[PDB]
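Given as structure tokens, the chain that follows is alone and in the form deposited in one PDB entry.
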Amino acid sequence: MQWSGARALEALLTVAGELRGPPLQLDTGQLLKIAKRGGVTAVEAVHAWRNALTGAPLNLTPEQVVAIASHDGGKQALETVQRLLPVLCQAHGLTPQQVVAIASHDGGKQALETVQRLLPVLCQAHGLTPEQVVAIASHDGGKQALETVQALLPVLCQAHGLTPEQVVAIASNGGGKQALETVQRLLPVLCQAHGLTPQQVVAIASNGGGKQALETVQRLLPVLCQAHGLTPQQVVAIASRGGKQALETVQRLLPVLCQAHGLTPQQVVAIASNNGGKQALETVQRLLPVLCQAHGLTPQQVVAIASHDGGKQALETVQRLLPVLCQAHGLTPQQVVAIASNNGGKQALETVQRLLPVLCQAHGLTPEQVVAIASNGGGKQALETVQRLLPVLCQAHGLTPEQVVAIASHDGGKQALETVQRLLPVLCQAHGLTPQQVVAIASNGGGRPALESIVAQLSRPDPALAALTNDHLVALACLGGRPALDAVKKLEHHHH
């Protein structure tokens, strides 16, 4: 494979070719993903046990095989899944998808082996659920995090007053060991010395890099408070949402962005408080001028674009694409900003760029409708799913384009559309719901869950039965999705 053989390359490439074949039927992107992260041995591993993984008592899908293979040590994870999946399922009551989730990280082997070793004790002696153990286990370094929950859950609960959920939250991220230990070491100082609440410390600690965020908060909270004027609450927001890197970038750019660019603290904070906040801030400091003078955006709009995960990408993309989107497509700035002002804004912009004309042309949609779809989180996904699924939703399922669009114009549009494709048949002709009621369920954020939850209760009439007739359930799902449904399930469990 390496430059360390050229007949060896041919051999590798032949191995990749054969994987396009019957068992897995892999496509180029899937092969790429494996080679990119699992490396050559992962590619070879997959080839070697393609049959074993697809049949036997494993019965994995190719996409599951790809998910497992495409990490450092993928060969090991694949080996270990072949050994442990059956017993994890039969004995520990996990589903294969859960075993795959565990296996699909760097060092999957160790996590799989540690889950087998520890799940029972974590459940019996500590009272965690299998879901919880899986969530702890399904990250790089799962082994470590599992072992550390086993070691510190008692002390964290009894000595420091955390709940198990809290502990699990902390553990269920990459570097969980580190986060838990750091909470153990610093919780007391952060509360008594800097006046934080446990809850806040937990929140700071419950994302990748939490150790770093904690140590940095400990280190920089005083400065940011007593010197730059920020409130603790604000520092916590930066620390929890933007971590260490954001905290440090605020320390160094707050004065510049406020005094030289005229932003308020609240604004700097809002830009900071997101994954990549470091990047966002640095990108508004560059760029804010050219966007306001050469593109005629308000600072408030620039702040809005920056104030999401990937803010930098959105800003850079807006700069690159606002001209061709107003000028050659006929959108206003205000529309462009709206498309840009969500997680993945870069993706939405780019996807509108290439799909506005197709969607209007080959499906009969107005620009205003394409904008409305793109103007939410996951715009790229919503647009693309409307492109695939609009034909079948209209012709087969008898929905209006107006209806399709309504479902797509919410965060999780893709999810809702696909759920609707799946579940309209059964909801209409097995439970007598109208197409309009289904759409109305789907046309909120949380569409998919609300739908899946409604089909569940209908099909397996659950505990909290009786006076909720189908129409009451629909209304209920429309009002508050699955949370409303589960809430009722909850309340009847004891009240009735």
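Between two forms, the rigid core is the largest collection of C-alphas that superpose within 1.5 Å. Numbers for residues come from their place in the sequence shown, where the first is 1.
So which stretch wins on mean C-alpha B-factor, 406-414 or 140-148?
For C-alpha atoms only, the mean B-factor is higher in 406-414.
When the Cα temperature factors in the entry are averaged, is it 474-482 or 12-20 that ends up higher?
It is 474-482 that shows the higher mean C-alpha B-factor.
Looking at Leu60, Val66, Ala56, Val43, which has the biggest Cα B factor in the entry?
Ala56 has the highest C-alpha B-factor of those listed.
Please pick out which of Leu32, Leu468, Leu26, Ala450 has the largest Cα B-factor as recorded in the entry.
Max CA B-factor in the entry, restricted to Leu32, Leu468, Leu26, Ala450: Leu468.
Thinking about Cα B factors across the chain, which third does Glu113 belong to?
For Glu113, the deposited C-alpha B-factor lands in the lowest third.
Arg185's Cα B-factor: lowest, middle or highest third of the chain?
Middle third by C-alpha B-factor.
By the record's CA B-factor, is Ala338 among the lowest, middle or highest third of residues in the chain?
Answer is middle: the recorded C-alpha B-factor places it there.
Ordered by C-alpha B-factor within the chain, which third holds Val439? Give me lowest, middle or highest, please.
Answer is middle: the recorded C-alpha B-factor places it there.
Is the Cα B-factor recorded for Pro265 in the lowest, middle or highest third of its chain?
Highest third of the chain for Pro265's C-alpha B-factor.
Same protein, other form: the form deposited in another entry, not shown, and the subject of what follows.
Where does the C-alpha shift reach 2 Å or more between this form and the one not shown among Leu427, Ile34, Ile68, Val46, given a fit on the rigid core?
The only residue crossing the 2 Å threshold is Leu427.
Please say whether, between this form and the one not shown, the C-alpha of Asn59 moves by 2 Å or more once the core is aligned.
Stays below the 2 Å threshold, so no.
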